[PDB]
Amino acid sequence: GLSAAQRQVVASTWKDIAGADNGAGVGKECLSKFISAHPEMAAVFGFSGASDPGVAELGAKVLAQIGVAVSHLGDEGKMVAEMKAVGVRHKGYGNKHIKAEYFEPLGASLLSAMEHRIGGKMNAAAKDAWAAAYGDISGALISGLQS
């Protein structure tokens, strides 16, 4: 779970991460940099590479879903139940062999993309709160995936 102070930091900085595009730009950079750094991951997603137009499209949907998860952090069972449902759908996505291990490096590129957009606001406490928030959001998707 998250402490009240962590949910408050996540909720507050999400407003700047969302910007004017509901975080779409952050999603594009996240997935872009992740596949560039890990080339064998293009095949796990159904993409040709980091430049595939599907990267920008999926990047927007990933970040729009985190915005929904952020609006529900105060009710943990609610947030977990909807991320599990996202997770059950992932059984049939990409190469259909999405693994739990892949979410840990993806989380690192997500925090990097966020910091790229909001700069100094993504301080030490913001990074810890978001590493914790990403741990629970992705943790709940993985449990849907392995259900």
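Residue numbers here begin at 1 and follow the sequence given.
In this entry, 74 to 82 has the higher mean Cα B-factor, the comparison being between 53 to 61 and 74 to 82. Annotation for 4 to 12 versus 137 to 145: the higher mean temperature factor (C-alpha) is found in 4 to 12. Within the group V88, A108, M114, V44, the record's highest C-alpha temperature factor is found at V44. The deposited CA B-factor of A18 belongs to the middle third of values across its chain. When the CA B factors of the chain's modelled residues are split into thirds, the value for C30 lands in the middle one.
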